[PDB]
Structure formats: structure tokens, C-alpha cells
>>> print(open('entry.cif').read())   # mmCIF, N, CA and C atoms
data_query
loop_
_atom_site.label_atom_id
_atom_site.label_comp_id
_atom_site.auth_asym_id
_atom_site.auth_seq_id
_atom_site.Cartn_x
_atom_site.Cartn_y
_atom_site.Cartn_z
N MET A 1 62.01 72.79 95.53
CA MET A 1 63.17 72.06 94.88
C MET A 1 63.92 73.02 93.96
N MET A 2 63.24 73.92 93.25
CA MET A 2 63.93 74.99 92.52
C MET A 2 64.41 76.04 93.53
N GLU A 3 65.60 76.61 93.33
CA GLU A 3 66.22 77.50 94.30
C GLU A 3 66.73 78.77 93.64
N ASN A 4 66.75 79.88 94.35
CA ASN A 4 67.42 81.12 93.90
C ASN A 4 68.66 81.39 94.77
N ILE A 5 69.60 82.13 94.20
CA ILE A 5 70.89 82.55 94.83
C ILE A 5 70.96 84.07 94.67
N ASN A 6 71.16 84.78 95.77
CA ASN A 6 71.48 86.23 95.73
C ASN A 6 72.99 86.35 95.50
N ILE A 7 73.40 87.18 94.55
CA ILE A 7 74.84 87.34 94.19
C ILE A 7 75.18 88.82 94.23
N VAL A 8 76.46 89.10 94.45
CA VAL A 8 77.03 90.46 94.32
C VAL A 8 78.28 90.35 93.46
N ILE A 9 78.34 91.19 92.42
CA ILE A 9 79.49 91.21 91.48
C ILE A 9 80.70 91.73 92.28
N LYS A 10 81.84 91.07 92.13
CA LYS A 10 83.06 91.36 92.94
C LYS A 10 83.56 92.78 92.66
N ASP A 11 84.35 93.29 93.60
CA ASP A 11 84.98 94.63 93.55
C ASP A 11 86.36 94.52 92.89
N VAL A 12 86.50 93.66 91.87
CA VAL A 12 87.84 93.33 91.27
C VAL A 12 87.81 93.43 89.74
N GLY A 13 88.99 93.62 89.16
CA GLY A 13 89.30 93.31 87.74
C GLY A 13 89.96 91.95 87.64
N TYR A 14 89.82 91.30 86.49
CA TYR A 14 90.19 89.87 86.32
C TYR A 14 91.48 89.79 85.50
N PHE A 15 92.57 89.45 86.16
CA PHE A 15 93.90 89.22 85.52
C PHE A 15 94.03 87.72 85.30
N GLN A 16 93.63 87.25 84.12
CA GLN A 16 93.44 85.80 83.83
C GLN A 16 94.72 85.22 83.23
N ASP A 17 94.89 83.89 83.28
CA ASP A 17 96.10 83.22 82.73
C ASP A 17 96.04 83.19 81.20
N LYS A 18 94.92 83.57 80.60
CA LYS A 18 94.71 83.63 79.13
C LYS A 18 93.88 84.85 78.81
N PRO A 19 93.98 85.42 77.60
CA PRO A 19 93.15 86.56 77.21
C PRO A 19 91.73 86.12 76.79
N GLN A 20 91.02 85.45 77.69
CA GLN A 20 89.65 84.94 77.45
C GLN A 20 88.98 84.80 78.82
N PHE A 21 87.66 84.93 78.88
CA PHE A 21 86.87 84.78 80.12
C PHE A 21 86.48 83.33 80.36
N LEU A 22 86.35 82.53 79.31
CA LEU A 22 85.97 81.08 79.41
C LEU A 22 87.25 80.24 79.52
N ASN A 23 87.25 79.24 80.41
CA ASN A 23 88.33 78.23 80.54
C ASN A 23 89.65 78.93 80.90
N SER A 24 89.60 79.96 81.74
CA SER A 24 90.79 80.68 82.24
C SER A 24 90.73 80.73 83.77
N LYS A 25 91.89 80.77 84.39
CA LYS A 25 92.06 80.90 85.86
C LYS A 25 92.53 82.32 86.15
N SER A 26 92.15 82.85 87.30
CA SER A 26 92.60 84.19 87.76
C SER A 26 94.04 84.08 88.27
N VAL A 27 94.96 84.78 87.65
CA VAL A 27 96.33 84.99 88.21
C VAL A 27 96.21 86.01 89.36
N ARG A 28 95.44 87.08 89.15
CA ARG A 28 95.08 88.06 90.20
C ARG A 28 93.61 88.47 90.01
N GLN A 29 92.91 88.71 91.11
CA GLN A 29 91.66 89.47 91.15
C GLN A 29 92.00 90.76 91.88
N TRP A 30 92.37 91.78 91.12
CA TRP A 30 92.88 93.05 91.65
C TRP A 30 91.70 93.92 92.10
N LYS A 31 91.73 94.34 93.36
CA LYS A 31 90.73 95.29 93.93
C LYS A 31 90.68 96.55 93.06
N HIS A 32 89.48 97.11 92.90
CA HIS A 32 89.24 98.44 92.28
C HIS A 32 90.32 99.40 92.78
N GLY A 33 90.98 100.13 91.89
CA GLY A 33 91.97 101.16 92.25
C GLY A 33 93.40 100.64 92.37
N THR A 34 93.65 99.34 92.30
CA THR A 34 95.03 98.80 92.33
C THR A 34 95.84 99.44 91.19
N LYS A 35 97.09 99.83 91.45
CA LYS A 35 97.99 100.39 90.42
C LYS A 35 98.92 99.27 89.93
N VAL A 36 99.07 99.15 88.61
CA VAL A 36 99.80 98.01 87.99
C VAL A 36 100.61 98.52 86.82
N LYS A 37 101.50 97.66 86.32
CA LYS A 37 102.20 97.89 85.04
C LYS A 37 101.74 96.81 84.05
N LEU A 38 101.41 97.23 82.83
CA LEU A 38 100.81 96.36 81.80
C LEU A 38 101.45 96.71 80.46
N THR A 39 101.22 95.88 79.45
CA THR A 39 101.54 96.19 78.03
C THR A 39 100.29 95.85 77.22
N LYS A 40 99.93 96.71 76.27
CA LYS A 40 98.80 96.41 75.36
C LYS A 40 99.11 95.08 74.64
N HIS A 41 98.15 94.15 74.64
CA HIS A 41 98.33 92.79 74.09
C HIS A 41 97.62 92.70 72.74
N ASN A 42 96.39 93.18 72.66
CA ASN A 42 95.64 93.31 71.37
C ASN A 42 94.60 94.41 71.55
N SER A 43 93.62 94.52 70.67
CA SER A 43 92.63 95.64 70.72
C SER A 43 91.84 95.61 72.02
N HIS A 44 91.61 94.45 72.64
CA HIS A 44 90.69 94.28 73.78
C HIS A 44 91.42 93.89 75.07
N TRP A 45 92.71 93.62 75.04
CA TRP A 45 93.42 93.02 76.20
C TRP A 45 94.76 93.70 76.44
N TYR A 46 95.15 93.71 77.71
CA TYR A 46 96.48 94.05 78.24
C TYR A 46 97.08 92.75 78.75
N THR A 47 98.40 92.69 78.81
CA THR A 47 99.12 91.61 79.51
C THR A 47 100.10 92.23 80.49
N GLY A 48 100.56 91.45 81.45
CA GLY A 48 101.64 91.84 82.35
C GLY A 48 102.16 90.65 83.11
N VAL A 49 103.11 90.89 84.00
CA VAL A 49 103.74 89.85 84.83
C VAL A 49 103.61 90.25 86.30
N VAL A 50 103.43 89.26 87.16
CA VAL A 50 103.45 89.39 88.64
C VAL A 50 104.38 88.29 89.17
N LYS A 51 104.74 88.36 90.44
CA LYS A 51 105.58 87.32 91.10
C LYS A 51 104.69 86.44 91.97
N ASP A 52 104.68 85.13 91.74
CA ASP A 52 104.14 84.13 92.70
C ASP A 52 105.36 83.43 93.31
N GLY A 53 105.77 83.89 94.50
CA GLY A 53 107.06 83.51 95.11
C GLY A 53 108.22 84.03 94.27
N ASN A 54 109.08 83.13 93.81
CA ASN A 54 110.27 83.46 92.97
C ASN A 54 109.91 83.45 91.48
N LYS A 55 108.72 82.97 91.11
CA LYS A 55 108.32 82.74 89.69
C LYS A 55 107.62 83.98 89.14
N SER A 56 108.00 84.43 87.95
CA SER A 56 107.26 85.41 87.13
C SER A 56 106.10 84.68 86.44
N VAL A 57 104.88 85.18 86.58
CA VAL A 57 103.66 84.57 85.99
C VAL A 57 102.95 85.65 85.16
N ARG A 58 102.54 85.30 83.94
CA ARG A 58 101.93 86.24 82.99
C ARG A 58 100.41 86.19 83.16
N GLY A 59 99.76 87.34 83.04
CA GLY A 59 98.30 87.41 82.99
C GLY A 59 97.82 88.38 81.94
N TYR A 60 96.49 88.41 81.77
CA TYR A 60 95.80 89.19 80.73
C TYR A 60 94.56 89.82 81.38
N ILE A 61 94.32 91.10 81.09
CA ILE A 61 93.15 91.79 81.65
C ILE A 61 92.48 92.61 80.56
N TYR A 62 91.16 92.58 80.54
CA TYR A 62 90.34 93.20 79.47
C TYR A 62 90.46 94.71 79.56
N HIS A 63 90.44 95.40 78.43
CA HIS A 63 90.88 96.82 78.30
C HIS A 63 90.02 97.73 79.19
N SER A 64 88.73 97.43 79.35
CA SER A 64 87.82 98.32 80.13
C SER A 64 88.06 98.17 81.63
N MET A 65 88.87 97.19 82.06
CA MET A 65 89.22 97.04 83.47
C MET A 65 90.57 97.70 83.82
N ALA A 66 91.18 98.42 82.88
CA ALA A 66 92.46 99.06 83.12
C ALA A 66 92.45 100.47 82.54
N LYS A 67 92.64 101.46 83.39
CA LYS A 67 92.68 102.90 83.02
C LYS A 67 94.16 103.31 82.96
N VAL A 68 94.66 103.61 81.78
CA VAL A 68 96.10 103.98 81.56
C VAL A 68 96.30 105.45 82.01
N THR A 69 97.20 105.68 82.93
CA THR A 69 97.52 107.03 83.50
C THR A 69 98.83 107.58 82.93
N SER A 70 99.75 106.72 82.47
CA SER A 70 101.02 107.17 81.84
C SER A 70 101.63 106.07 80.96
N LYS A 71 102.52 106.48 80.06
CA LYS A 71 103.18 105.56 79.08
C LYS A 71 104.69 105.51 79.33
N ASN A 72 105.25 104.31 79.46
CA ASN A 72 106.70 104.09 79.71
C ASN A 72 107.43 104.02 78.35
N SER A 73 108.72 104.34 78.32
CA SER A 73 109.59 104.37 77.10
C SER A 73 109.65 102.99 76.46
N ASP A 74 109.66 101.92 77.27
CA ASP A 74 109.76 100.53 76.77
C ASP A 74 108.44 100.05 76.15
N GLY A 75 107.42 100.90 76.01
CA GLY A 75 106.12 100.56 75.40
C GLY A 75 105.09 99.98 76.37
N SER A 76 105.46 99.72 77.63
CA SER A 76 104.51 99.36 78.71
C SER A 76 103.73 100.60 79.15
N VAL A 77 102.70 100.42 79.99
CA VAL A 77 101.85 101.52 80.52
C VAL A 77 101.69 101.33 82.03
N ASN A 78 101.43 102.43 82.72
CA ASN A 78 101.05 102.40 84.16
C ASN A 78 99.54 102.59 84.18
N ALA A 79 98.82 101.74 84.90
CA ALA A 79 97.35 101.73 84.85
C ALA A 79 96.77 101.52 86.24
N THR A 80 95.53 101.98 86.42
CA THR A 80 94.71 101.76 87.62
C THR A 80 93.58 100.79 87.26
N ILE A 81 93.35 99.78 88.07
CA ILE A 81 92.27 98.79 87.82
C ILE A 81 90.91 99.44 88.03
N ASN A 82 90.04 99.26 87.04
CA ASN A 82 88.60 99.61 87.06
C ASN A 82 87.80 98.31 87.16
N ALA A 83 87.35 97.97 88.34
CA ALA A 83 86.62 96.72 88.63
C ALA A 83 85.23 96.75 87.96
N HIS A 84 84.89 95.68 87.27
CA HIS A 84 83.52 95.39 86.74
C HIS A 84 83.51 93.96 86.24
N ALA A 85 82.34 93.41 86.00
CA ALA A 85 82.19 92.05 85.46
C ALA A 85 81.40 92.13 84.16
N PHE A 86 81.00 90.98 83.63
CA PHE A 86 80.22 90.86 82.39
C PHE A 86 79.20 89.75 82.58
N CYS A 87 78.08 89.81 81.85
CA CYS A 87 77.29 88.60 81.51
C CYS A 87 77.09 88.57 80.00
N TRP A 88 76.92 87.36 79.46
CA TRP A 88 76.89 87.14 77.99
C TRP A 88 75.60 86.40 77.61
N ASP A 89 75.11 86.64 76.40
CA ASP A 89 73.87 85.96 75.95
C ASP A 89 74.20 84.57 75.44
N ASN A 90 75.45 84.12 75.54
CA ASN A 90 75.75 82.68 75.28
C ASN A 90 76.98 82.24 76.07
N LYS A 91 77.21 80.93 76.16
CA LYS A 91 78.16 80.32 77.12
C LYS A 91 79.60 80.31 76.58
N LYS A 92 79.86 80.96 75.45
CA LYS A 92 81.24 81.12 74.92
C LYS A 92 81.95 82.26 75.68
N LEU A 93 81.17 83.19 76.26
CA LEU A 93 81.70 84.32 77.06
C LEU A 93 82.66 85.12 76.17
N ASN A 94 82.23 85.44 74.95
CA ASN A 94 83.13 86.08 73.97
C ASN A 94 82.29 86.81 72.93
N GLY A 95 82.17 88.13 73.03
CA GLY A 95 81.38 88.93 72.07
C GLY A 95 79.90 88.57 72.13
N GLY A 96 79.22 88.65 70.99
CA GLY A 96 77.75 88.54 70.94
C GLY A 96 77.14 89.69 71.72
N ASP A 97 76.04 89.45 72.41
CA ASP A 97 75.39 90.47 73.26
C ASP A 97 75.93 90.25 74.69
N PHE A 98 76.63 91.24 75.22
CA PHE A 98 77.18 91.17 76.59
C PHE A 98 76.87 92.49 77.29
N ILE A 99 76.73 92.42 78.61
CA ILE A 99 76.40 93.58 79.48
C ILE A 99 77.54 93.75 80.49
N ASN A 100 78.05 94.98 80.60
CA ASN A 100 78.99 95.43 81.64
C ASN A 100 78.21 95.49 82.96
N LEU A 101 78.52 94.62 83.93
CA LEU A 101 77.92 94.67 85.28
C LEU A 101 78.84 95.48 86.21
N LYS A 102 78.32 96.56 86.79
CA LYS A 102 79.06 97.46 87.70
C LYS A 102 79.56 96.66 88.90
N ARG A 103 80.75 97.00 89.40
CA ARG A 103 81.22 96.41 90.69
C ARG A 103 80.10 96.57 91.71
N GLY A 104 79.81 95.53 92.49
CA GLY A 104 78.77 95.56 93.53
C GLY A 104 77.36 95.36 92.99
N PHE A 105 77.18 95.15 91.69
CA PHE A 105 75.86 94.80 91.10
C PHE A 105 75.22 93.68 91.91
N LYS A 106 73.97 93.87 92.33
CA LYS A 106 73.20 92.87 93.12
C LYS A 106 72.26 92.13 92.17
N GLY A 107 72.37 90.82 92.09
CA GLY A 107 71.56 90.04 91.14
C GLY A 107 70.95 88.82 91.78
N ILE A 108 70.11 88.11 91.03
CA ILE A 108 69.54 86.81 91.44
C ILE A 108 69.81 85.81 90.32
N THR A 109 70.25 84.62 90.67
CA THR A 109 70.51 83.53 89.71
C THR A 109 70.01 82.23 90.34
N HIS A 110 70.34 81.10 89.75
CA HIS A 110 69.87 79.75 90.16
C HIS A 110 71.06 78.83 90.07
N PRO A 111 71.10 77.76 90.90
CA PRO A 111 72.16 76.76 90.84
C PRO A 111 72.34 76.28 89.40
N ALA A 112 73.59 76.32 88.94
CA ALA A 112 74.00 75.93 87.58
C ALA A 112 75.08 74.86 87.73
N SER A 113 74.74 73.62 87.38
CA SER A 113 75.66 72.45 87.38
C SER A 113 76.80 72.69 86.38
N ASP A 114 76.52 73.42 85.26
CA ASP A 114 77.54 73.67 84.20
C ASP A 114 78.32 74.97 84.50
N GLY A 115 78.05 75.64 85.61
CA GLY A 115 78.79 76.85 86.03
C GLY A 115 78.46 78.09 85.22
N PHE A 116 77.46 78.03 84.33
CA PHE A 116 76.97 79.24 83.62
C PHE A 116 75.70 79.71 84.32
N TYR A 117 75.85 80.68 85.22
CA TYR A 117 74.76 81.13 86.12
C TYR A 117 73.83 82.03 85.33
N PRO A 118 72.52 81.67 85.26
CA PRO A 118 71.57 82.43 84.45
C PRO A 118 71.09 83.70 85.14
N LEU A 119 71.04 84.78 84.37
CA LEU A 119 70.50 86.09 84.81
C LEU A 119 69.35 86.42 83.85
N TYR A 120 68.13 86.46 84.39
CA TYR A 120 66.94 86.90 83.64
C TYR A 120 66.75 88.40 83.89
N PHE A 121 66.89 89.20 82.85
CA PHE A 121 66.67 90.68 82.90
C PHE A 121 65.23 90.98 82.42
N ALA A 122 64.36 91.48 83.29
CA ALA A 122 62.97 91.91 82.99
C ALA A 122 62.90 92.70 81.66
N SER A 123 63.68 93.78 81.54
CA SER A 123 63.64 94.69 80.35
C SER A 123 64.04 93.95 79.06
N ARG A 124 64.80 92.87 79.17
CA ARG A 124 65.27 92.04 78.02
C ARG A 124 64.35 90.81 77.98
N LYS A 125 64.27 90.09 76.88
CA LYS A 125 63.46 88.84 76.85
C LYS A 125 64.44 87.69 76.65
N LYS A 126 65.56 87.73 77.34
CA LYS A 126 66.67 86.79 77.12
C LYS A 126 67.43 86.49 78.40
N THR A 127 68.00 85.30 78.45
CA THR A 127 68.88 84.84 79.54
C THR A 127 70.31 85.31 79.22
N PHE A 128 70.98 85.92 80.19
CA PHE A 128 72.44 86.13 80.13
C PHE A 128 73.11 85.17 81.12
N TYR A 129 74.41 84.96 80.94
CA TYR A 129 75.19 83.99 81.74
C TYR A 129 76.41 84.70 82.33
N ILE A 130 76.70 84.35 83.59
CA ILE A 130 77.87 84.87 84.35
C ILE A 130 78.58 83.65 84.95
N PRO A 131 79.91 83.56 84.80
CA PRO A 131 80.68 82.48 85.45
C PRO A 131 80.86 82.74 86.95
N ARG A 132 81.04 81.65 87.71
CA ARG A 132 81.11 81.65 89.19
C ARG A 132 82.13 82.67 89.70
N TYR A 133 83.25 82.84 89.00
CA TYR A 133 84.42 83.60 89.53
C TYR A 133 84.15 85.10 89.53
N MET A 134 83.03 85.57 88.96
CA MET A 134 82.80 87.01 88.88
C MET A 134 81.89 87.53 90.00
N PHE A 135 81.44 86.65 90.90
CA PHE A 135 80.53 87.12 91.94
C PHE A 135 80.77 86.36 93.27
N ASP A 136 80.24 86.95 94.34
CA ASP A 136 80.16 86.31 95.68
C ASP A 136 78.69 86.00 96.03
N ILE A 137 78.50 85.01 96.88
CA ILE A 137 77.22 84.63 97.51
C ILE A 137 77.34 85.01 98.99
N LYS A 138 76.55 85.98 99.44
CA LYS A 138 76.57 86.51 100.83
C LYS A 138 76.20 85.42 101.86
N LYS A 139 77.03 85.22 102.91
CA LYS A 139 76.76 84.30 104.06
C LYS A 139 76.12 85.09 105.20
#
>>> encode(input="entry.cif", output="C-alpha cells")
Amino acid sequence: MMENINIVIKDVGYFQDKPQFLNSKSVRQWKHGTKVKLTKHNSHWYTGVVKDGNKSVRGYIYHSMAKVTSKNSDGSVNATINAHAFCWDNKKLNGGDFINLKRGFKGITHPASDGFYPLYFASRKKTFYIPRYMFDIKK
């Protein structure tokens, strides 16, 4: 009756509709190496705009997922996406103890009705949590 799930962390950076990992939707999940234009938003986040049809839509991406290669006169930057995910030691998904999970990280979790997928790390004596949108389940 108890079940395990094999997961693989996605090969993407997360361009979210808000500068937060909790209660945000992906505007883009940009493949590792995608080239983009961004503006620094705060100490930890970039923002930018993309087109969904005729509409300009704003997103936010965490600073470690964007490598700045050049600076534009208007204060924007040209950047390459560095794909990785996170797990957190609590369900706020914001600071505290968090681990950078490498793109393609292979893990095991369990069905989570609340969408906070538990990761038990042997070397740690603590549960970390990863949201559904940061991984795939292999078919």
C-alpha cells in the first residue's frame, strides 16, 4: 500500500509568473543553454518578458539559473539558462536549508497528496521537499 516513485530532475530553468517557487506557474521551462534577455529584479531573481501569441507575459527566474554573458545599455542583460532544481527542508520553498539538485538528478520519493514530494537523504537526518513541476516520472 505504501509506494515509491523514481524521479529525474528536469533539464530546465524555471521562468515563473512570480519571483517565488511556491504557488507560482511556469511561464517558461527553458532547456539548459537557452539564450534569453532578462533584467535583474532583486538580489536573487531576474525578470523578463516573452510572447504568448500577441500578448507580452512577464516571468521571474532565480539568479543561479541564469548566467549573464553581456550587459545592454538599457540595463537589461543577455544570459544563458543554467538548468537545476531545489529541495527545501520546509514546505514554504523559500530559504531555510535548501539543496541545489543538478539537472538530471535521479531520486526516489513517495506519493504526496499535498504536492510536497519527500526526499530522504541518507547523509542528512531530515526530509527535504520538491514540488511536482521540478521533476519527471519515467514511463
>>> resolve_selection(input="entry.cif", expression="the PyMOL selection byres ((chain A and resi 32-48) around 8)", output="JSON, numbers by chain")
{"A": [10, 11, 12, 13, 19, 29, 30, 31, 49, 50, 56, 57, 58, 59, 60, 61, 62, 63, 64, 75, 76, 77, 78, 79, 80, 81, 82, 83, 84]}
>>> select_by_dssp(input="entry.cif", residues="chain A", states="strand (DSSP E)", output="ChimeraX atom specification")
/A:5-9,12-16,26-31,35-40,45-52,55-62,66-71,77-81,84-88,98-102,106-109,116-120,127-131,135-136
>>> residues_near_point(input="entry.cif", point="(72.1, 78.6, 90.7)", cutoff="6.5 Å", atoms="only N, CA and C atoms", output="PyMOL selection string")
chain A and resi 3-5+109-112+117-118
>>> select_by_dssp(input="entry.cif", residues="chain A", states="helix (DSSP H, G or I)", output="list in words")
residues 63, 64, 65, 132, 133 and 134 of chain A
>>> atom_distance(input="entry.cif", atom1="atom N of residue 71 (chain A)", atom2="atom C of residue 53 (chain A)")
27.2 Å
>>> atom_distance(input="entry.cif", atom1="CA of residue 138 (chain A)", atom2="CA of residue 66 (chain A)")
26.9 Å
>>> residues_near_point(input="entry.cif", point="(86.9, 88.3, 88.9)", cutoff="5 Å", atoms="all atoms listed in the file", output="mmCIF file with N, CA and C atoms, in the coordinates of the input")
data_model
loop_
_atom_site.group_PDB
_atom_site.id
_atom_site.type_symbol
_atom_site.label_atom_id
_atom_site.label_comp_id
_atom_site.auth_asym_id
_atom_site.auth_seq_id
_atom_site.Cartn_x
_atom_site.Cartn_y
_atom_site.Cartn_z
ATOM 1 N N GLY A 13 88.990 93.620 89.160
ATOM 2 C CA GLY A 13 89.300 93.310 87.740
ATOM 3 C C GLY A 13 89.960 91.950 87.640
ATOM 4 N N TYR A 14 89.820 91.300 86.490
ATOM 5 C CA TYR A 14 90.190 89.870 86.320
ATOM 6 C C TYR A 14 91.480 89.790 85.500
ATOM 7 N N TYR A 133 83.250 82.840 89.000
ATOM 8 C CA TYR A 133 84.420 83.600 89.530
ATOM 9 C C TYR A 133 84.150 85.100 89.530
ATOM 10 N N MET A 134 83.030 85.570 88.960
ATOM 11 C CA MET A 134 82.800 87.010 88.880
ATOM 12 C C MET A 134 81.890 87.530 90.000
#
>>> residues_around(input="entry.cif", residues="residue 119 (chain A)", least_positions_apart="3", cutoff="9 Å", atoms="only C-alpha atoms", output="ChimeraX atom specification")
/A:87,107-110,126-130
>>> atom_distance(input="entry.cif", atom1="atom N of residue 125 (chain A)", atom2="atom C of residue 24 (chain A)")
28.9 Å
